[PDB]
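Visitor: based on what follows, work out the 3D shape:
(chains A and B, ligands or ions: 3)
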Amino acid sequence: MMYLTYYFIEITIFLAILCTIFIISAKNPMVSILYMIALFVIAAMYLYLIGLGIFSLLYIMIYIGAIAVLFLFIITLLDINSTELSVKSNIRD
Amino acid sequence: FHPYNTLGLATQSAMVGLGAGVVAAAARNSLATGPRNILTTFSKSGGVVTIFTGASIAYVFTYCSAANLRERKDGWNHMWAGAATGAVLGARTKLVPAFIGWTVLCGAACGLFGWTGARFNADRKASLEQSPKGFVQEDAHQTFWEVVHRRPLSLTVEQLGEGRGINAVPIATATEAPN
Ligand SMILES: CCCCCCCCCCCCCCCCCC(=O)OC[C@H](COP(=O)(O)OCCN)OC(=O)CCCCCCCCCCCCCCCCC
Ligand SMILES: CCCCCCCCCCCCO[C@H]1O[C@H](CO)[C@@H](O[C@H]2O[C@@H](CO)[C@H](O)[C@H](O)[C@@H]2O)[C@H](O)[C@H]1O
Ligand SMILES: CCCCCCCCCCCCO[C@H]1O[C@H](CO)[C@@H](O[C@H]2O[C@@H](CO)[C@H](O)[C@H](O)[C@@H]2O)[C@H](O)[C@H]1O
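Guide: Numbering: from 1, shown residues only, chains lettered A, B, ... in the order given. Ligands and ions are numbered 1, 2, ... in the order given. This is the structure:
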């Protein structure tokens, strides 16, 4: 039972890599913003893990509560065309 | 001096130039305009890999060779290395006078770079600020940045050589009647 919660920092690192890849990869930028929100949740988790839950809640109420809201606010109101992630366009990188 | 290991340094040279050419080819592939893929990094690169590798091998090989032939460490070795590197960069243009000009001019440029110390930086213990300066005090040997009111005549005669006016004894005292 003791070490069931040992690798909860490594899991957050893994999930952060995943959410960044999904940000880069998502077709609609609304989905990229949602994955940025998930990355903020993961960071807030990690901050609770290392003993800074005050910063976790500050992040939840500032980043997710205002900045992500404003991102959604602008993409709901502005035409932001997008090229989908492609192999004929991005494989050169 | 201490001899240079030519082939080892030149092998390191070639690997470094190869890595740099790969990095430049990737940068060109990503910065370019037309349709491109992971195929074109070596197909459409303008000889960047060969530029880097040839320049690196030529410079280091020629530098260490001239240092081992001349048995010295000085800026003329950088002159020769620049001559060789310019010859490589000028053989690309398939013309004789451009090749000669590239060789001669980059030889002169890298030789100036070596003449000045072979460094874009400073030595910082040979600079004027950190070195003993001003007038030298009591018969001491004048260093590079020091100043002297009156110099030794043996030193003059050795540095310059006898003849053409400059003699180990003044003329008037040397021709003074022993009276
Ligand atoms: C992979 C294995 C690795 C192995 C380990 C060892 C590897 C060593 C790697 C060394 C670094 C190599 C980097 C190569 C340069 C970057 C690639 C490049 O192309 O730079 C120029 C870049 C694009 O240029 P491009 O799009 O191709 O079009 C050119 C048309 N004019 O456009 C740019 O503006 C980017 C410029 C980057 C420049 C960096 C700073 C260079 C400093 C210049 C030195 C000048 C000093 C000489 C002074 C002499 C004075 C006369
Ligand atoms: C575009 C036209 C170009 C023409 C102009 C040419 C001017 C170039 C400056 C030439 C003078 C440079 O002066 C040069 O002198 C001394 C020798 O006297 C060199 O000698 C010094 O070299 C360095 C590098 O090893 C070390 O400190 C070494 O111990 C030595 O003391 C210096 O590296 C350099 O400073
Ligand atoms: C176009 C003209 C203007 C060119 C611009 C550059 C001007 C300045 C000339 C470069 C000065 C180089 O000077 C540098 O090299 C001389 C040797 O020659 C060194 O002088 C030192 O040489 C060592 C030998 O290595 C001896 O012990 C010597 O007694 C002295 O201490 C100093 O480390 C430094 O003073």
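
Visitor: do you know how far residue B:81 is from ligand 3?
Guide: Residue B:81 sits 21 Å away from ligand 3, going by Cβ to the nearest ligand atom, to the nearest Å. Yep, even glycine has a C-beta here, placed from its N, CA and C like the rest.

Visitor: which strand or helix spans that residue?
Guide: Remark: residue B:81 resides in helix B:76-92, with elements defined by DSSP states H and E.

Visitor: what does that helix rub up against?
Guide: Residues outside helix B:76-92 that contact it (Cβ atoms under 8 Å, 6 or more residues apart in numbering or on different chains) are B:47, B:51, B:54-55, B:58-63, B:65-67, B:70, B:98-111, B:113-115, B:118.

Visitor: check stretch A:46-58 too.
Guide: With Cβ under 8 Å, 6+ apart as the contact definition, stretch A:46-58 has outside contacts at A:8, A:9, A:12, A:44, A:45, A:59.

Visitor: circling back: next, the buried residues of the next helix or strand after the helix holding residue B:81.
Guide: Downstream of helix B:76-92, the next assigned helix or strand under DSSP H and E is helix B:96-115. Using 16 or more other Cβ atoms under 10 Å in any protein chain shown as the test for burial, helix B:96-115 gives B:99, B:102, B:103, B:106, B:107, B:110, B:111, B:113, B:114.

Visitor: packing partners for the longest helix seen in chain B?
Guide: Looking across chain B with DSSP state H, the single longest helix is helix B:6-31. If you count contacts as 3 or more Cβ pairs under 8 Å, 6 or more residues apart in numbering or on different chains; DSSP states H and E, helix B:6-31 packs onto helix B:40-43, helix B:48-69.

Visitor: buried residues in it?
Guide: For helix B:6-31, by 16+ other Cβ under 10 Å, it's B:6, B:10, B:13-14, B:17-18, B:20-22, B:24-26, B:28-29.

Visitor: residue B:130: which of those is nearest?
Guide: residue B:13 (33.0 Å; Cβ to Cβ).

Visitor: you'd agree that closest one is up against residue B:63?
Guide: No. With contact defined as Cβ atoms under 8 Å, residue B:13 does not reach residue B:63; the gap is 9.5 Å.
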